[PDB]
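> Just one file: start.pdb, with PDB, C-alpha atoms and all ligand atoms.
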```pdb
MODEL        1
ATOM      1  CA  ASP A   1     127.419  96.270  86.332
ATOM      2  CA  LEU A   2     124.049  94.667  85.638
ATOM      3  CA  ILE A   3     122.201  97.439  87.510
ATOM      4  CA  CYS A   4     123.811 100.042  85.234
ATOM      5  CA  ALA A   5     122.889  97.898  82.216
ATOM      6  CA  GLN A   6     119.253  97.966  83.339
ATOM      7  CA  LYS A   7     119.452 101.706  84.082
ATOM      8  CA  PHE A   8     120.949 102.566  80.675
ATOM      9  CA  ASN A   9     117.922 101.090  78.837
ATOM     10  CA  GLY A  10     115.234 103.112  80.621
ATOM     11  CA  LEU A  11     114.498 100.526  83.341
ATOM     12  CA  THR A  12     114.656 102.340  86.688
ATOM     13  CA  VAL A  13     113.721 101.326  90.231
ATOM     14  CA  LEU A  14     111.750 103.772  92.350
ATOM     15  CA  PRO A  15     112.603 103.980  96.058
ATOM     16  CA  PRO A  16     109.959 102.953  98.601
ATOM     17  CA  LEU A  17     107.969 105.712 100.264
ATOM     18  CA  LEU A  18     108.448 104.379 103.805
ATOM     19  CA  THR A  19     112.045 103.849 104.877
ATOM     20  CA  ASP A  20     113.254 101.066 107.167
ATOM     21  CA  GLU A  21     113.710 103.539 110.034
ATOM     22  CA  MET A  22     110.008 104.434 109.928
ATOM     23  CA  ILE A  23     109.016 100.769 109.501
ATOM     24  CA  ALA A  24     111.082  99.961 112.604
ATOM     25  CA  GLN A  25     109.425 102.898 114.392
ATOM     26  CA  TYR A  26     105.997 101.428 113.569
ATOM     27  CA  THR A  27     107.040  97.987 114.836
ATOM     28  CA  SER A  28     108.551  99.549 117.976
ATOM     29  CA  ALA A  29     105.328 101.479 118.637
ATOM     30  CA  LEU A  30     103.205  98.343 118.164
ATOM     31  CA  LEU A  31     105.547  96.280 120.364
ATOM     32  CA  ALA A  32     105.665  98.860 123.177
ATOM     33  CA  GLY A  33     101.892  99.304 123.062
ATOM     34  CA  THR A  34     101.329  95.535 123.170
ATOM     35  CA  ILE A  35     103.754  95.083 126.083
ATOM     36  CA  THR A  36     102.465  98.000 128.157
ATOM     37  CA  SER A  37      98.722  97.669 127.466
ATOM     38  CA  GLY A  38      97.655  94.385 125.815
ATOM     39  CA  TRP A  39      94.676  94.755 123.482
ATOM     40  CA  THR A  40      93.434  98.006 125.033
ATOM     41  CA  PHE A  41      95.610 100.213 122.822
ATOM     42  CA  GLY A  42      94.093  98.469 119.810
ATOM     43  CA  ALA A  43      90.542  98.828 121.110
ATOM     44  CA  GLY A  44      90.935 102.473 122.153
ATOM     45  CA  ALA A  45      93.289 104.558 124.268
ATOM     46  CA  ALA A  46      96.220 102.796 125.913
TER      47      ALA A  46
ATOM     48  CA  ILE B   1     104.537 117.968  91.725
ATOM     49  CA  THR B   2     101.528 120.251  91.651
ATOM     50  CA  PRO B   3      98.365 121.171  93.497
ATOM     51  CA  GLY B   4      95.169 121.544  91.516
ATOM     52  CA  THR B   5      94.872 124.179  88.811
ATOM     53  CA  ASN B   6      91.731 125.333  90.626
ATOM     54  CA  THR B   7      94.068 126.147  93.539
ATOM     55  CA  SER B   8      97.287 127.395  91.920
ATOM     56  CA  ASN B   9      99.513 127.248  88.844
ATOM     57  CA  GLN B  10     102.771 126.628  90.741
ATOM     58  CA  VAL B  11     104.721 123.405  90.176
ATOM     59  CA  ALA B  12     107.903 121.743  91.395
ATOM     60  CA  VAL B  13     110.178 119.484  89.347
ATOM     61  CA  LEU B  14     111.629 116.201  90.627
ATOM     62  CA  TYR B  15     114.537 114.802  88.618
ATOM     63  CA  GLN B  16     114.584 111.108  89.499
ATOM     64  CA  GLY B  17     117.869 109.437  90.383
ATOM     65  CA  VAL B  18     119.910 112.526  89.464
ATOM     66  CA  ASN B  19     122.395 114.252  91.747
ATOM     67  CA  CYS B  20     121.631 117.931  92.282
ATOM     68  CA  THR B  21     124.986 119.022  90.811
ATOM     69  CA  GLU B  22     124.299 117.191  87.521
ATOM     70  CA  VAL B  23     121.074 118.972  86.484
ATOM     71  CA  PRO B  24     121.241 120.893  83.152
ATOM     72  CA  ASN B  25     114.961 126.353  95.866
ATOM     73  CA  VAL B  26     117.025 123.177  95.419
ATOM     74  CA  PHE B  27     116.755 120.134  97.692
ATOM     75  CA  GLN B  28     118.366 116.692  97.453
ATOM     76  CA  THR B  29     116.338 113.578  98.286
ATOM     77  CA  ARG B  30     117.042 109.879  97.800
TER      78      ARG B  30
HETATM   79  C1  LIG C   1     126.456 113.991  94.562
HETATM   80  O1  LIG C   1     127.655 114.769  94.374
HETATM   81  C2  LIG C   1     128.398 115.019  95.577
HETATM   82  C3  LIG C   1     129.545 115.926  95.199
HETATM   83  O2  LIG C   1     129.952 115.713  93.854
HETATM   84  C4  LIG C   1     128.857 113.696  96.184
HETATM   85  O3  LIG C   1     129.547 113.954  97.402
HETATM   86  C5  LIG C   1     127.659 112.791  96.445
HETATM   87  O4  LIG C   1     128.101 111.514  96.889
HETATM   88  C6  LIG C   1     126.814 112.624  95.175
HETATM   89  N1  LIG C   1     125.645 111.780  95.414
HETATM   90  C7  LIG C   1     124.611 112.035  96.238
HETATM   91  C8  LIG C   1     123.547 110.981  96.280
HETATM   92  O5  LIG C   1     124.527 113.061  96.917
ENDMDL
END
```
Starting from the file, lay out its structure as structure tokens.


Amino acid sequence: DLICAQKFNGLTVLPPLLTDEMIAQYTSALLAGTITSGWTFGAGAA
Amino acid sequence: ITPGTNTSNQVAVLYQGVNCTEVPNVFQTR
């Protein structure tokens, strides 16, 4: 494989800190806040 | 992984991209 050829020469890829589950949780929180409150959850409390 | 030496002298070791059964408490992360 090409990935193993990169790995065998000291070239590694670090994983991201935030996984796609937590990114989707952030987008779900923003979407639910926007739907249920408008701009008020961005200005202050929902 | 360490806190400051002003706080403590205790460290943890992260072996990157290595399975925990292939190393020369133990936790396994991605
Ligand atoms: C590590 O080794 C175990 C047992 O040999 C295996 O089941 C697993 O797929 C390996 N990889 C990871 C990332 O745990």

> Around all listed atoms of ligand LIG 1 (chain C), padded 6 Å per side, what centre and edge lengths does the axis-aligned box have in Å to one decimal, as lines of an AutoDock Vina configuration file?


```
center_x = 126.7
center_y = 113.5
center_z = 95.6
size_x = 18.4
size_y = 16.9
size_z = 15.5
```

> Report as a list in words the full result of the PyMOL selection byres (((not hetatm)) within 9 of (chain C and resi 1)) when it is applied to this structure.

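The output of the PyMOL selection byres (((not hetatm)) within 9 of (chain C and resi 1)) on this file is residues 17, 18, 19, 20, 21, 22, 28, 29 and 30 of chain B.
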
> Run the ChimeraX specification (/B :<12) & /A against the file shown and list the residues it catches, as JSON, numbers by chain.

{"A": [7, 10, 11, 12, 13, 14, 15, 16, 17, 18, 19]}

> Rounded to one decimal place, report the CA of residue 46 in chain A-CA of residue 34 in chain A distance in Å.

9.3 Å

> What gap, in Å, lies between CA of residue 39 in chain A and CA of residue 27 in chain A?

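Between these atoms lies a distance of 15.4 Å.
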
> Can you tell me how far CA of residue 24 in chain A sits from CA of residue 41 in chain A, in Å to one decimal?

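Atom-to-atom, CA of residue 24 in chain A and CA of residue 41 in chain A are spaced 18.5 Å apart.
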